[PDB]
Amino acid sequence: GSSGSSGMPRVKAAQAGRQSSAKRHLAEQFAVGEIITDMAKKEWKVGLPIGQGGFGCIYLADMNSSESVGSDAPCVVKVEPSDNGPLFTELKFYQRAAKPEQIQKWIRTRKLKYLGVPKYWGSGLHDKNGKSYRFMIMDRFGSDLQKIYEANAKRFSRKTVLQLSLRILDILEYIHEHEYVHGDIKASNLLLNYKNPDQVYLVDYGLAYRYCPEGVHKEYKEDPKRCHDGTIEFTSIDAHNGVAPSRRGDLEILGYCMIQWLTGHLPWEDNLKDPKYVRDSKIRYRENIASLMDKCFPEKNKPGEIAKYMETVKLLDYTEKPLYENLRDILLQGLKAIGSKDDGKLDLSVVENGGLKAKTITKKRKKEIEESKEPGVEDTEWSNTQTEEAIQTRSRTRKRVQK
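For the sequence shown, the residue numbers in my numbering are 731 to 1133.
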C-alpha cells in the first residue's frame, strides 16, 4: 500500500567516493546520531555542532530517524544543562515574534519580504540522570557579523554598513510593534542564514526590553537594575540606568555601529574593560556627532549619509514619532551616492567560492571537572547536646541547707 517518500530508488550512493566514517568525537550530552524530542510532538536527529563558545550546546537537527546526520540537517538546536531564564527569554520571544504563523502573516501584510525575526519551529527537552535539558530548534543560522568584521579588514565598508543598517532598521520597526526593543545590534548578536547565506538576523530580545516594565506607575527610576540590558556594548546611556522606557536606544546602537565598524573600534568600545572612559566618551560623542564624525571619518566632505542619520537621532526626542520611516530613507538614500541599490544583497559574502571550509582547528577542549574526594558528606558527629534535667546518678547525696 503506502510507501516512503514519493519514490526515489537508491541505485547508488557514491560514484567516486568511499569513506562514510563515524567515529570522530563522542559526547555525553548531545552526540552525533542520537534523536531529540520536541514538546512531545516531534523527534529530530542531532548531528554535529557548528561553533561553540559560551551559550550551551549548538547542534544540527534533522527531521529523520536515519543513521548519521552529517550535512543533511537544515536546522540548528541550542541545548543547556538545566536552566530557567536565558532560553526562557529567547523561547518566549520566539514563539511570540518568531512564530512562522505570525511572521508569515506580518511580512505578507507589509510585504517586508525579509524581516529581522528568526524562524521558530519548536522546542524540545531531554532528561538524563535526573537532569532536565531544555533546547530549541532554529531555522538555520550560520556565522555572526563578528566573523565578517575581520573579513572586511578589521573595518566594515560604507556600502556594507549602509546596506546592513537598512536591513536592521526594518527589524527595529517590527519588534517595536511586538512590544520588544533594545535587541542589541552588534557583531555578536547578528547572524547570517546558514542554509541561505545572504541575510542576517538579530538575536537576543526577551533579555532586553519588553516595552516598558510590568508593574510600575512612575516613569522615572534612575536605577541601573530594573533593566540591566547588557553591560556596555553600544547600550543607551539612559537605558543602562533604567531611566525612562527604551525606544530611541535602538537607533543609537546603529548610529555608533557604523563609526565602530567603519572606523574600527573607538575610545569607548575598544575593550569594554574600562567603562570609566566608555561612559564619558558616550555622553560626549552623543552630543558631538560632528566632532566624532570628523575625528572618525575623513574631513574631505566625504561623509554625510551617516551625519544626517545621527542628526535625527540627536534630535529624536521632541518629535514623538520614532521617525523610523525617515531614518531608513537617510541610510537608503545615501546608497545612491555609492552607486548602490536596494534589491536584496547584504554584501556579507566574504568569499563565497568553494563549498568546503574546515581549516586546521580541531584541538582537545575542556568540558567538566570531577575530583576523587568531596567535602559534602563523610561524618557528622554531635558537638552540642540539649538536655534540661538534674538527675542521672542512682545515689544523690545531701549536704548544706537550702534556706
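Ideal Cβ placement from N, Cα and C applies to all residues, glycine included.
Beta-carbon proximity of residue i to residue j, cut-off 8 Å
i	j	result
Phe871	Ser853	no
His912	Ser976	yes
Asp869	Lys843	no
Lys1012	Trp998	yes
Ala938	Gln876	no
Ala752	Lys775	no
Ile1068	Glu1041	no
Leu1076	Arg840	no
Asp900	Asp914	no
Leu996	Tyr904	no
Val1043	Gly985	yes
Residues bridged to residue i (per DSSP)
i	result
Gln929	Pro927
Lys861	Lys858
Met866	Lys808, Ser853
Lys775	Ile765, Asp792
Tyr939	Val911
For residue i, the three-state DSSP class (helix, strand or coil)
i	result
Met1023	helix
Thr890	helix
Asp959	coil
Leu922	strand
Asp874	strand
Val1008	helix
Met988	helix
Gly1074	coil
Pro816	helix
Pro830	helix
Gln749	coil
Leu896	helix
Euclidean distance between Cα positions of residue i and residue j
i	j	result
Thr1110	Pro804	55 Å
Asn859	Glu1098	16 Å
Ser873	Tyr879	11 Å
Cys787	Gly777	12 Å
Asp1010	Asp1024	18 Å
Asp980	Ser1102	51 Å
residue 1136	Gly1106	Nothing about residue 1136 can be reported from this structure: the residues present for the chain run from 731 to 1133 only.
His970	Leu1078	31 Å
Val741	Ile837	43 Å
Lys1089	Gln749	19 Å
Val799	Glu1035	47 Å
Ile989	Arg885	9 Å
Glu1104	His755	30 Å
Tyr1007	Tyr1015	11 Å
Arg956	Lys948	13 Å
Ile1091	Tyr941	42 Å
Proximity test, Cβ basis, 8 Å: residue i and chain D
i	result
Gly854	The structure shown contains no chain D; it holds only a single protein chain.
Could you tell me whether the stretch 778-792 touches the stretch 829-836, where touching means 3 or more Cβ pairs closer than 8 Å? Taking 8 Å as the limit for Cβ pairs, the verdict is that the stretch 829-836 does not touch the stretch 778-792.
Touch test, the stretch 997-1005 against the stretch 845-862, Cβ-Cβ under 8 Å, three pairs minimum: Result no; under three Cβ-Cβ pairs closer than 8 Å.
Report yes or no: do three or more beta-carbon pairs, one from the stretch 890-910 and one from the stretch 955-965, lie closer than 8 Å? Verdict: no, contact absent.
Would you call the stretch 755-770 and the stretch 800-820 touching, i.e. three or more CB-CB distances under 8 Å? Yes, the stretch 755-770 is in contact with the stretch 800-820.
When the Cβ atoms of the stretch 880-897 are set against those of the stretch 947-956, are three or more pairs found closer than 8 Å? Verdict: no, contact absent.
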